[PDB]
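So the structure is just underneath, and the comments pick up after that.
2 protein chains.
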Amino acid sequence: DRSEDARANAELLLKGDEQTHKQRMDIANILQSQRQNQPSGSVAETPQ
Amino acid sequence: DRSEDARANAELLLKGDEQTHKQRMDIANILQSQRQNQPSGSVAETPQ
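Next comes the structure, spelled out in structure tokens:
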């Protein structure tokens with residue numbers, strides 16, 4: 059039990075390495091679309 | 059336990075490097091869209 063307890067602790071940290079970059083790219087692209095909203099809204103208003 | 063805990067220290071350190079870059083990329087796009095919003099909305103109006 060104790061071997062697989064410590065194994066599952068650090069396995070979740072391995073998924074944490076993937077999730078930090080996943081959230082990074084998602085937030086960055088949402089903010090990229092937020093930048094594209096602003097010229098498009100100049101011609102005629104459109105929400106984000 | 060201590061072998062896997064040792065491996066976990068390295069994974070926590072990798073997340074430390076990742077989370078710094080996540081803070082650099084996200085903040086950069088927030089500020090870039092914030093400065094561009096004001097000239098765009100001066101043409102007519104646009105939300106951010």
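So the sequences go chain by chain: A and B.
Going by my numbering, the first residue of the first sequence is number 59, and it counts up by one from there.
Going by my numbering, the first residue of the second sequence is number 59, and it counts up by one from there.
A virtual CB, placed ideally from N, CA and C, is assigned to each residue, including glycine.
Three-way DSSP call (helix, strand, coil) for B:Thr104 in this model: By one-based count along the second sequence, residue 104 of chain B stands at place 46. Here B:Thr104 sits in coil by DSSP.
Starting from B:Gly99, trace the alpha helix (DSSP H) in both directions and tell me its first and last residue. As a first step, residue 99 of chain B must be located in the second sequence, where it is residue number 41. No alpha helix (DSSP H) holds B:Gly99; DSSP gives it neither H nor E.
CB-CB under 8 Å to B:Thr78, same chain, minus the five flanking residues each way: which ones, in chain order? As a first step, residue 78 of chain B is located in the second sequence; it is residue number 20 there, counting from the start. Within the same chain, B:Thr78 has no close Cβ partners at all.
DSSP three-state assignment for A:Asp63, whether helix, strand or coil: As a first step, residue 63 of chain A must be located in the first sequence, where it is residue number 5. The answer is helix: DSSP assigns A:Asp63 an H, G or I state.
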